[PDB]
């Protein structure tokens, strides 16, 4: 069911202090600095088809556990699909049902994953096609050339975009 930008932000704000995962007995809280709003919400589209959240996980050992044992305090939801990297929930928010999409990235993948999950799709396609012509492959995990991770000296998304030789635009204006 479709939702407004404002509704999207209220939901994300509510989830931001309430996400956790079960890890061998212990309930472990997910920190706010590891929750990044992505998709059309980040791009500030007036109407959203869903809410898209990227979760930064500190260790590779945790991937088996975070999404598959995801917990949301005081909220009822069902699980449509769930793996280590993509989880789709249907959540009850103020008597209505909405789609929440959760994705995981490792610290070293962060800027690549924010770039990828921010979209929009058409932007990603043209950017990736251009890199492909110069014999590179870009995905949510990194920049690859001949199946080898290229070690870029970069922390943020903005640094990545510039490093790739493309114009930086705020998410609202990417196309």
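Numbering follows the first chain given and starts at 1.
*Asks:* 24-32 versus 45-53: which one carries the higher mean Cα B factor per the record?
*Replies:* Taking the mean C-alpha B-factor of 45-53 and of 24-32, the larger value falls to 24-32.
*Asks:* According to the deposited model, is the average Cα temperature factor higher in 112-120 or in 126-134?
*Replies:* 126-134 has the higher mean C-alpha B-factor.
*Asks:* With respect to C-alpha B-factor, does residue 80 fall in the lowest, middle or highest third of the chain as deposited?
*Replies:* Answer is middle: the recorded C-alpha B-factor places it there.
*Asks:* Lowest, middle or highest third: where is residue 38 by C-alpha B factor in its chain?
*Replies:* Lowest third of the chain for residue 38's C-alpha B-factor.
*Asks:* Residue 93's Cα B-factor: lowest, middle or highest third of the chain?
*Replies:* Highest third.
*Asks:* So where's residue 146 on the chain's Cα temperature factor ranking, which third?
*Replies:* As the PDB entry reports it, the C-alpha B-factor of residue 146 lands in the highest third of its chain.
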